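Notes follow once the structure below has been shown.
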Amino acid sequence: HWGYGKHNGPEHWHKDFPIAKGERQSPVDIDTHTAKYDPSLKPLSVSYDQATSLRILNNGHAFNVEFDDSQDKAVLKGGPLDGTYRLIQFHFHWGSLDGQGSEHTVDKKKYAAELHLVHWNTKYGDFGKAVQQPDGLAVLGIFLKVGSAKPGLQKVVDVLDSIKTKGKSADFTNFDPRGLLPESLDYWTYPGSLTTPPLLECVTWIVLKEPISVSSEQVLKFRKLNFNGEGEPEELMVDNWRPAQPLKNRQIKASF
Ligand SMILES: [Zn+2]
C-alpha cells in the first residue's frame with residue numbers, strides 16, 4: 001500500500017494513517033542550538049554482549065536484522081529511560097545519493113543514511129502491546145556518513161544479495177550489533193513516533209551525536225536492493241526516508 005514513491009509516499013500517508021499529522025511525529029530536525037543540555041540525564045546503557053541475531057528480512061521498505069527478544073539479552077537502559085528495553089531488530093534508511101538518506105537532520109543537515117536499533121519496554125510483555133503505549137519503544141538512531149568503511153557492517157552488506165527483493169529472508173546468526181556503534185554515546189532525546197506507518201506515537205528517540213563512517217561501496221550495495229518482489233518491475237530500494245516533521249510542543253534534550 002504505502003511506500004516512498006510519488007503516489008504513495010510520505011505526503012500521502014495521512015489518508016490511511018491520520019496520526020501522520022499528530023502531535024509527536026518523527027523524524028524531526030535537531031536544532032543543536034535550541035536543544036538544552038539536561039544534567040539529570042543518566043548515561044546510556046547499551047548491553048549487547050549477549051545479543052542473538054537470527055535472520056535478515058527484506059520487507060519491501062527496508063531490511064530488518066531480527067533478534068531473539070524472548071529473553072533479556074540485548075537491552076537498552078539508562079539515559080532518559082525508565083526500565084529495560086529489549087532489542088527486537090535494526091534497520092536503516094538511506095538515499096539515492098550521499099547527500100540525503102537520513103530521517104533526522106542536524107541543523108538541517110541530511111546524512112547519507114540512518115540506523116535505527118528498535119527496542120521495546122519489557123513491562124509491556126511484547127512488541128505489539130508496547131507500540132500501543134507512549135513509552136513502549138526506545139529507538140537508538142545513529143547517522144551514517146560516507147568515508148572510511150565500517151568493518152562491522154560488512155557482514156550485513158554481503159548478505160544483501162540473498163534478499164534482494166520483497167519477502168525474501170536469510171539466516172543471519174551471530175551478528176554483533178556492537179560493531180555498528182560509534183565511539184561516543186552522547187545523544188539528543190525527544191518523544192516521538194515510528195517513522196513508517198502505523199506511525200504510532202510510542203517512541204522515546206535517542207539519537208547519537210557521533211555518526212559512524214561507512215564506505216561508498218557499502219552504501220552502494222544498499223542501493224542495489226529492490227522495493228519490489230521477485231519477478232516484478234525493478235524498483236531500486238533508495239530514498240526510503242520520511243522527511244522531518246513539525247516539532248510542535250516538544251523539547252529536544254542533550255546529554256552533553
Ligand atoms: Zn527506521
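Chains: A, B, ... in order of the C-alpha cells. Residues: from 1 per chain. Ligands: from 1, in order shown.
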Enumerate, in order of chain and increasing residue number, the residues of chain A with an atom no farther than 7 Å from ligand 1, each with its shortest atom pair and distance in Å to one decimal, counting only C-alpha atoms and all ligand atoms, as a Markdown table.
```
| residue | atom | partner | partner_atom_place_in_ligand_line | distance |
| --- | --- | --- | --- | --- |
| A:91 | CA | ligand 1 | 1 (Zn) | 6.1 |
| A:92 | CA | ligand 1 | 1 (Zn) | 6.0 |
| A:93 | CA | ligand 1 | 1 (Zn) | 6.2 |
| A:115 | CA | ligand 1 | 1 (Zn) | 6.9 |
| A:116 | CA | ligand 1 | 1 (Zn) | 5.0 |
| A:195 | CA | ligand 1 | 1 (Zn) | 6.0 |
```
Just asking: which residues within stretch 77-241 of chain A are strand (DSSP E) according to DSSP, as JSON, numbers by chain? {"A": [77, 78, 85, 86, 87, 88, 89, 90, 91, 92, 93, 94, 105, 106, 113, 114, 115, 116, 117, 118, 119, 120, 121, 137, 138, 139, 140, 141, 142, 143, 144, 145, 146, 169, 170, 171, 187, 188, 189, 190, 191, 192, 203, 204, 205, 206, 207, 208, 212, 213, 214]}
Write a file of the selected residues as a short mmCIF file (atom, residue, chain, number, x, y, z; two decimals), in the first residue's frame, keeping N, CA and C atoms.
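Full text of out38.cif as output:
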```
data_model
loop_
_atom_site.label_atom_id
_atom_site.label_comp_id
_atom_site.auth_asym_id
_atom_site.auth_seq_id
_atom_site.Cartn_x
_atom_site.Cartn_y
_atom_site.Cartn_z
N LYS A 77 19.05 0.60 28.39
CA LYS A 77 18.51 1.20 29.60
C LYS A 77 19.26 2.49 29.93
N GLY A 78 18.86 3.16 30.99
CA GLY A 78 19.55 4.39 31.33
C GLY A 78 19.14 5.52 30.43
N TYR A 85 14.57 -2.04 27.95
CA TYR A 85 14.05 -2.14 26.59
C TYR A 85 14.86 -3.19 25.84
N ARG A 86 14.17 -4.16 25.26
CA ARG A 86 14.84 -5.27 24.56
C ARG A 86 14.96 -5.02 23.07
N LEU A 87 16.14 -5.31 22.51
CA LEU A 87 16.36 -5.14 21.09
C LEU A 87 15.57 -6.18 20.33
N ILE A 88 14.75 -5.73 19.38
CA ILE A 88 13.99 -6.63 18.51
C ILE A 88 14.54 -6.67 17.07
N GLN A 89 14.98 -5.53 16.54
CA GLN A 89 15.54 -5.52 15.19
C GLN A 89 16.23 -4.22 14.94
N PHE A 90 17.10 -4.20 13.93
CA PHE A 90 17.63 -2.91 13.49
C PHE A 90 17.45 -2.88 11.98
N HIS A 91 17.40 -1.66 11.44
CA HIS A 91 17.28 -1.43 10.00
C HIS A 91 17.84 -0.06 9.71
N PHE A 92 17.91 0.27 8.42
CA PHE A 92 18.44 1.59 8.02
C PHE A 92 17.49 2.28 7.08
N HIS A 93 17.75 3.57 6.88
CA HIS A 93 17.05 4.40 5.87
C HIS A 93 18.20 5.03 5.11
N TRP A 94 18.09 5.12 3.77
CA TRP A 94 19.20 5.70 3.03
C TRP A 94 18.71 6.36 1.77
N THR A 105 17.55 15.11 10.99
CA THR A 105 18.55 16.01 10.42
C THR A 105 19.15 16.78 11.57
N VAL A 106 20.34 17.34 11.38
CA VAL A 106 21.02 18.09 12.45
C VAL A 106 21.31 19.48 11.87
N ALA A 113 22.69 8.14 5.50
CA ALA A 113 21.80 7.07 5.95
C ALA A 113 21.62 7.20 7.46
N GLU A 114 20.68 6.42 7.98
CA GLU A 114 20.44 6.43 9.41
C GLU A 114 20.04 5.01 9.83
N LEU A 115 20.69 4.55 10.89
CA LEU A 115 20.48 3.24 11.51
C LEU A 115 19.52 3.40 12.70
N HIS A 116 18.52 2.52 12.74
CA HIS A 116 17.56 2.50 13.84
C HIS A 116 17.63 1.14 14.53
N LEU A 117 18.04 1.13 15.81
CA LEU A 117 18.04 -0.09 16.64
C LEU A 117 16.77 0.04 17.49
N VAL A 118 15.81 -0.84 17.22
CA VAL A 118 14.47 -0.74 17.82
C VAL A 118 14.34 -1.62 19.03
N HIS A 119 13.90 -1.04 20.15
CA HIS A 119 13.79 -1.79 21.41
C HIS A 119 12.41 -1.59 22.03
N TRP A 120 11.89 -2.63 22.68
CA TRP A 120 10.58 -2.48 23.34
C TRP A 120 10.66 -2.65 24.85
N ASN A 121 9.80 -1.89 25.54
CA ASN A 121 9.74 -1.85 27.01
C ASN A 121 9.21 -3.19 27.56
N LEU A 137 8.43 2.04 23.15
CA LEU A 137 9.66 1.75 22.43
C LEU A 137 10.75 2.75 22.71
N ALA A 138 11.99 2.30 22.53
CA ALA A 138 13.13 3.21 22.58
C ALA A 138 13.89 2.88 21.29
N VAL A 139 14.11 3.88 20.43
CA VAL A 139 14.84 3.64 19.19
C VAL A 139 16.12 4.45 19.27
N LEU A 140 17.23 3.73 19.09
CA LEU A 140 18.57 4.32 19.09
C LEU A 140 18.88 4.61 17.62
N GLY A 141 19.04 5.91 17.32
CA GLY A 141 19.29 6.33 15.95
C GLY A 141 20.75 6.74 15.81
N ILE A 142 21.37 6.28 14.73
CA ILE A 142 22.80 6.54 14.52
C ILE A 142 22.97 6.97 13.06
N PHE A 143 23.58 8.13 12.86
CA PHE A 143 23.79 8.61 11.49
C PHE A 143 24.97 7.93 10.81
N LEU A 144 24.85 7.80 9.49
CA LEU A 144 25.94 7.26 8.68
C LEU A 144 26.39 8.31 7.68
N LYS A 145 27.72 8.51 7.61
CA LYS A 145 28.34 9.38 6.61
C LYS A 145 29.25 8.49 5.78
N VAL A 146 29.49 8.91 4.53
CA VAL A 146 30.34 8.15 3.62
C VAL A 146 31.81 8.59 3.76
N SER A 169 14.05 -13.62 2.86
CA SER A 169 14.78 -13.57 4.12
C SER A 169 15.96 -14.56 4.06
N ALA A 170 16.91 -14.40 4.97
CA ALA A 170 18.07 -15.29 5.02
C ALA A 170 18.56 -15.45 6.46
N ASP A 171 19.10 -16.61 6.78
CA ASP A 171 19.62 -16.81 8.12
C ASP A 171 20.70 -15.76 8.36
N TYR A 187 24.14 11.91 23.21
CA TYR A 187 22.92 11.83 22.43
C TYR A 187 21.96 13.00 22.67
N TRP A 188 20.97 13.08 21.78
CA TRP A 188 19.83 14.01 21.91
C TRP A 188 18.64 13.07 22.12
N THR A 189 17.62 13.54 22.83
CA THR A 189 16.45 12.68 23.05
C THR A 189 15.15 13.50 23.06
N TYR A 190 14.09 12.91 22.51
CA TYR A 190 12.79 13.58 22.49
C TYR A 190 11.73 12.51 22.30
N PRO A 191 10.47 12.83 22.61
CA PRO A 191 9.35 11.90 22.46
C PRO A 191 8.82 11.97 21.06
N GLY A 192 8.68 10.81 20.43
CA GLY A 192 8.22 10.81 19.05
C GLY A 192 7.47 9.58 18.62
N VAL A 203 7.36 6.16 20.79
CA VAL A 203 8.83 6.10 20.82
C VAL A 203 9.59 7.16 21.60
N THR A 204 10.50 6.72 22.47
CA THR A 204 11.46 7.65 23.07
C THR A 204 12.65 7.54 22.11
N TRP A 205 12.95 8.62 21.43
CA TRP A 205 14.06 8.66 20.49
C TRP A 205 15.32 9.05 21.19
N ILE A 206 16.37 8.31 20.87
CA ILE A 206 17.70 8.59 21.44
C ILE A 206 18.59 8.62 20.17
N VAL A 207 19.03 9.82 19.78
CA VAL A 207 19.82 9.95 18.54
C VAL A 207 21.27 10.31 18.91
N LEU A 208 22.22 9.45 18.52
CA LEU A 208 23.62 9.70 18.84
C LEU A 208 24.17 10.88 18.03
N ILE A 212 28.63 7.26 12.34
CA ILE A 212 29.63 6.25 12.02
C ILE A 212 29.94 6.50 10.54
N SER A 213 31.12 6.05 10.13
CA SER A 213 31.54 6.19 8.75
C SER A 213 31.38 4.86 8.05
N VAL A 214 30.83 4.89 6.84
CA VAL A 214 30.70 3.69 6.04
C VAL A 214 31.31 4.02 4.68
#
```
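With atom CA of residue A:239 on one side and atom CA of residue A:7 on the other, the separation reads 14.2 Å.
Compared by their closest atoms to residue A:30, and using only C-alpha atoms, the residues A:109, A:178, A:125, A:234 rank with A:109 nearest.
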In stretch 134-170 of chain A, DSSP helix (DSSP H, G or I) residues written as a ChimeraX atom specification: /A:151-163
Dump N, CA, C and O atoms for the selected residues as an mmCIF file, in the first residue's frame?
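Listed below is the output, result03.cif:
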```cif
data_model
loop_
_atom_site.group_PDB
_atom_site.id
_atom_site.type_symbol
_atom_site.label_atom_id
_atom_site.label_comp_id
_atom_site.auth_asym_id
_atom_site.auth_seq_id
_atom_site.Cartn_x
_atom_site.Cartn_y
_atom_site.Cartn_z
ATOM 1 N N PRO A 151 33.923 -1.776 9.347
ATOM 2 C CA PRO A 151 34.168 -3.224 9.319
ATOM 3 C C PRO A 151 33.009 -4.054 9.797
ATOM 4 O O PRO A 151 32.650 -5.049 9.159
ATOM 5 N N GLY A 152 32.387 -3.592 10.878
ATOM 6 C CA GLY A 152 31.273 -4.305 11.492
ATOM 7 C C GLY A 152 30.017 -4.376 10.647
ATOM 8 O O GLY A 152 29.106 -5.163 10.935
ATOM 9 N N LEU A 153 29.954 -3.558 9.614
ATOM 10 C CA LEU A 153 28.796 -3.552 8.738
ATOM 11 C C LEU A 153 28.937 -4.486 7.571
ATOM 12 O O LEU A 153 27.954 -4.854 6.944
ATOM 13 N N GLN A 154 30.160 -4.926 7.270
ATOM 14 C CA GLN A 154 30.346 -5.717 6.073
ATOM 15 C C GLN A 154 29.562 -7.018 6.018
ATOM 16 O O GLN A 154 29.091 -7.370 4.940
ATOM 17 N N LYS A 155 29.390 -7.708 7.150
ATOM 18 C CA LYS A 155 28.621 -8.944 7.128
ATOM 19 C C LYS A 155 27.192 -8.674 6.655
ATOM 20 O O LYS A 155 26.583 -9.497 5.994
ATOM 21 N N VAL A 156 26.657 -7.514 7.019
ATOM 22 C CA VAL A 156 25.313 -7.157 6.565
ATOM 23 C C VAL A 156 25.341 -6.901 5.052
ATOM 24 O O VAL A 156 24.513 -7.418 4.310
ATOM 25 N N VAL A 157 26.310 -6.119 4.587
ATOM 26 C CA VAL A 157 26.401 -5.801 3.158
ATOM 27 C C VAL A 157 26.515 -7.052 2.301
ATOM 28 O O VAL A 157 25.855 -7.183 1.268
ATOM 29 N N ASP A 158 27.286 -8.017 2.769
ATOM 30 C CA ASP A 158 27.484 -9.184 1.925
ATOM 31 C C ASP A 158 26.309 -10.130 1.794
ATOM 32 O O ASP A 158 26.242 -10.893 0.838
ATOM 33 N N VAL A 159 25.364 -10.093 2.735
ATOM 34 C CA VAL A 159 24.203 -10.967 2.639
ATOM 35 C C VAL A 159 23.041 -10.347 1.829
ATOM 36 O O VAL A 159 22.058 -11.045 1.491
ATOM 37 N N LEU A 160 23.128 -9.053 1.517
ATOM 38 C CA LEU A 160 22.054 -8.364 0.795
ATOM 39 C C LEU A 160 21.715 -8.976 -0.557
ATOM 40 O O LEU A 160 20.567 -8.934 -0.988
ATOM 41 N N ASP A 161 22.704 -9.575 -1.212
ATOM 42 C CA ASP A 161 22.408 -10.202 -2.496
ATOM 43 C C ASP A 161 21.411 -11.341 -2.365
ATOM 44 O O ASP A 161 20.685 -11.641 -3.321
ATOM 45 N N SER A 162 21.364 -11.970 -1.192
ATOM 46 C CA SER A 162 20.439 -13.081 -0.973
ATOM 47 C C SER A 162 19.024 -12.642 -0.600
ATOM 48 O O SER A 162 18.111 -13.470 -0.541
ATOM 49 N N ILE A 163 18.826 -11.338 -0.350
ATOM 50 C CA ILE A 163 17.497 -10.828 -0.003
ATOM 51 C C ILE A 163 17.161 -9.598 -0.842
ATOM 52 O O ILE A 163 16.623 -8.591 -0.367
#
```
Enter the distance from atom CA of residue A:123 to atom CA of residue A:83, in Å, rounded to one decimal. 7.7 Å
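Residue nearest residue A:76, chosen from A:26, A:122, A:64, A:240 and counting only C-alpha atoms: A:122.
Nearest residue to residue A:95 among A:238, A:44, A:254, A:15 is A:238, counting only C-alpha atoms.
Of the listed residues (A:68, A:201, A:235, A:217), A:201 comes nearest to residue A:23; the distances count only C-alpha atoms.
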Selection: 12 Å around residue A:167, only C-alpha atoms, excl. self and same-chain fewer than 3 positions, as a PyMOL selection string: chain A and resi 56-64+162-164+170+225-230
Closest to residue A:50 among A:29, A:135, A:69, A:183, using only C-alpha atoms? A:69
Just want the 12 Å neighbourhood of residue A:198, counted on only C-alpha atoms, with same-chain residues fewer than 5 positions away dropped. Output as a PyMOL selection string. chain A and resi 1-2+10+13-20+22+25-26+128+131-132+193
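Comparing the minimum interatomic distances between residue A:31 and each of A:107, A:148, A:246, A:130, counting only C-alpha atoms, we find that A:107 sits nearest.
As for atom CA of residue A:33 and atom CA of residue A:200, they are spaced 28.0 Å apart.
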